[PDB]
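Residues 549 to 730, 735 to 806, 824 to 852, 870 to 1112, 1115 to 1177 in PDB author numbering are what the sequence shown spells out, letter by letter.
Here a beta-carbon is modelled for each residue, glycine too, at the ideal position from N, C-alpha and C.
Take a look at the structure set out below.
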Amino acid sequence: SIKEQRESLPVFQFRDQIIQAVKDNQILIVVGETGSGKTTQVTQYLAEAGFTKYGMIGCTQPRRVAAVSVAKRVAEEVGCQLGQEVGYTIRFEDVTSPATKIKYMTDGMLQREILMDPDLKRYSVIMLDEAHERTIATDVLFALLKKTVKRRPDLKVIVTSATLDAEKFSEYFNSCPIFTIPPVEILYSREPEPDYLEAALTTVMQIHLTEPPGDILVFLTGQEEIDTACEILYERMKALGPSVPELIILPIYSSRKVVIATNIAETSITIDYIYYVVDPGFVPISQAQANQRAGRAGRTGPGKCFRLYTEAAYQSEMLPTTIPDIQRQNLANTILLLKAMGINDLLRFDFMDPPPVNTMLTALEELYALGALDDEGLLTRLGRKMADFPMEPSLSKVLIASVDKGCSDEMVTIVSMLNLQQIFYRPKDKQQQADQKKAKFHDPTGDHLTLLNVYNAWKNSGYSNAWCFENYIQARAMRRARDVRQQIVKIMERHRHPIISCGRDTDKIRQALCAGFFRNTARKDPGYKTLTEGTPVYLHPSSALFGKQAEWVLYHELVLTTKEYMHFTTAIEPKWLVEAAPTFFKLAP
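What follows is the structure, encoded as structure tokens:
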């Protein structure tokens, strides 16, 4: 039943108590142990209590997927169509209606939303649900909401927290109350294991045979560690014997079952029926993170956690408080927005956890080199124009540069294609066959123009799914690209940025892509080496210029599956970098 499921949750007992705490206290810290359902239920409770009469309820989630996942879930519970009373907003996916009482979104959208109205009048209550996997963009929000609260008293702010992080939050938010919302044994090693990988595998071996049935979850650091573990565990399982229950071993890089994942994956997994966790505790992690990890065993039933370090280590060489995760490109975006609110002076800024000065100086230098900031560091005309685009400052810079070069039509398509997850379906039985079809779209210049070739031919075939399948192109991905393209075209048109085509002048198109994306360039070494930092990076085999020789290249992203790899590489001329990417590479007259 919908009611029965809702009432089953631990929060429902404290449901009347939560509403009173919000009604009295302006800012409220909520500690809910995972599986309390504070994420879904609290939003409804405040809606049910009439907080949506004169405002919306907004909740920020750490990832895009989480905001979509919670919104759909809450929609079912509320019993209404997604986007109507309960909707989510994420980048280029605003699933909301005028009739939207409850809204879910990422920190970035809130930052765009707060910049437009520093008082957030459209909202009655703002809740940030990122107890774990908090960033600096989330920390910036805290300081902004602290000021917003001093000018709009009716506004309610809820801030979820981990138990270790809780008291620090309360001190920061003017000593406001900490509302709290209510089994596994943790095992340690007497001496620090010399080899964490060997220890962890032996640990997985003993637990598979010598323990009651449960599923094991292991965490590792690198891909080569994962691959080595898969081979070792296969070899030991086959040698062990046929009587022994089969061990199904699956890795994740986002009879009994073993799952092995990295930190990237740990933040995005809700797998059930696992009674055992192996915690190598070294990426070194924090006590709050270690405790969160321990809890994951306790999800389905009782169970055990195996931390591969001394207890003293837990209490000595591990800090409890979360360290906010800093993304270099996200931080540039955050700083750009802050300067668009007229907030300079990052040194005296009310940061709850001060970011390292290098991170802020690199971000400032990156924006300066893009020409978002002048010599002083004050926001320029170009910076304000870029801040109107909800994307990384490199991509927004490329769009505006293309308008100057009369090639905005091709760029909006290329920019659309960069956001895409998977573009080409590949099946191992027909892998060779798929690669042959991909080759038709290969442009000499590089992957950027190859993406332009894919979308154009898709457009030319009237956007046919049969055509997509004919060429082993993900049909869903192209549809997503068009949705993004249409939204970008509307954003450009609203600002004074027209759409002009130039008949695939590859020189103008790649020149445009050098205006931004100039700190992601590399030169061929007798693989390649990065111009900016000197880091060695390699062409991916799937690249359109992978066979070809190309002395100077430009890459959209830098993936690390095994060794540093450039994602979407395009051959460019050095001249354009001096000319179109001025400040950084003007080592000419």
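- Taking C-beta separations shorter than 7 angstroms and ignoring five residues to either side along the sequence, the partners of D939 in its chain run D687 and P910, following chain order.
- For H760, the enclosing alpha helix (DSSP H) stretches over residues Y748 to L761.
- When DSSP states are grouped into helix, strand and coil, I804 belongs to the strand group.
- In the structure shown, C782 falls within a helical segment according to DSSP collapsed to helix, strand and coil.
- Within 10 angstroms of the beta-carbon of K983 lie 16 or more other beta-carbons, which makes it buried.
- Residue nearest to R1012 within the set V989, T587 and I1059 is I1059 (criterion: CA-CA distance).
- If you look at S645, you'll find it isn't in any beta strand (DSSP E); DSSP assigns it neither H nor E.
- A straight line joining the alpha-carbon of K649 with that of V618 spans about 15 angstroms.
- For the pair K991 and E678, the Cα-to-Cα distance works out to about 42 angstroms.
- With a threshold of 16 other beta carbon atoms within 10 Å, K1045 falls short and is exposed.
- In this chain, the beta strand (DSSP E) harbouring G606 covers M604 to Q609.
- With respect to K704, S672 sits close: the two C-beta atoms are nearer than 8 angstroms.
- With a cutoff of 8 angstroms on beta-carbon distance, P849 and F935 are scored as not near each other.
- Per DSSP, the unbroken alpha helix (DSSP H) holding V1070 starts and ends at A1061 to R1080.
- Each of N1039, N1042, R1065 and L1038 was checked against the Cα of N1051, and the nearest Cα belongs to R1065.
- Using a Cβ distance threshold of 8 angstroms, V827 and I768 count as a contacting pair.
- Taking a cut-off of 8 angstroms on C-beta distances, the region 835-847 touches the region 885-905, as three or more cross pairs fall below it.
- By the criterion of a C-beta distance shorter than 7 angstroms, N573 is surrounded in its chain by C724 and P725, once the five residues flanking it on both sides are discounted.
- Here the C-alpha atom of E581 lies approximately 6 angstroms from the C-alpha atom of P730.
- Within the same chain, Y1058 come within 8 angstroms of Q1019 by CB-CB distance, once the 5 residues on both sides are set aside.
- Residue environment analysis places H1081 among the exposed positions, since fewer than 16 neighbouring C-beta atoms fall within 10 angstroms of its C-beta.
- Between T1092 and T1031, the C-beta gap is smaller than 8 angstroms, which places the two residues in contact.
- Around the beta carbon of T1158, a 10 Å sphere encloses 16 or more other beta carbons of the protein chains shown; the residue is thus reported as buried.
- According to the DSSP secondary-structure assignment, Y1153 is paired through a beta bridge with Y1126 and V1147.
- A distance below 7 angstroms between beta-carbons, with the five flanking residues on each side excluded, links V1075 to the following residues of its chain, in chain order: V998 and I1085.
- Across the set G957, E763, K1016 and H1034, the C-alpha of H1034 shows the shortest separation from the C-alpha of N1005.
- Nearest neighbour of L1119 by Cα position, chosen from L1127, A1108 and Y1126, turns out to be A1108.
- Nearest in C-alpha terms to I1160, of all of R1096, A1132, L1146 and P979, is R1096.
- Taking one beta carbon from each stretch, the region 917-935 and the region 774-785 have fewer than 3 pairs nearer than 8 angstroms; the two do not touch.
- DSSP, read as helix, strand or coil, puts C1100 in helix.
- Within the same chain, Cβ atoms closer than 8 angstroms to the Cβ of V1166 are found at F1173, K1174, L1175 and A1176, the five residues on either side in sequence being excluded.
- Residues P797, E798, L799 and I800 of the same chain have their beta carbon placed closer than 8 angstroms to that of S824, with the five preceding and five following residues left out of the count.
- Within its own chain, the residues whose Cβ lies closer than 6 angstroms to the Cβ of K1110, once the five positions on either side in sequence are excluded, are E1139, listed in chain order.
- Counting only residues of its own chain and dropping the five nearest sequence neighbours on each side, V707 has a CB closer than 8 angstroms to the CB of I575, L576, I577, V578, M675, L676, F690, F717 and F721.
- For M675, the enclosing beta strand (DSSP E) starts and ends at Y671 to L676.
- Each residue's CA atom was taken as its position, placing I986 and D960 some 17 angstroms apart.
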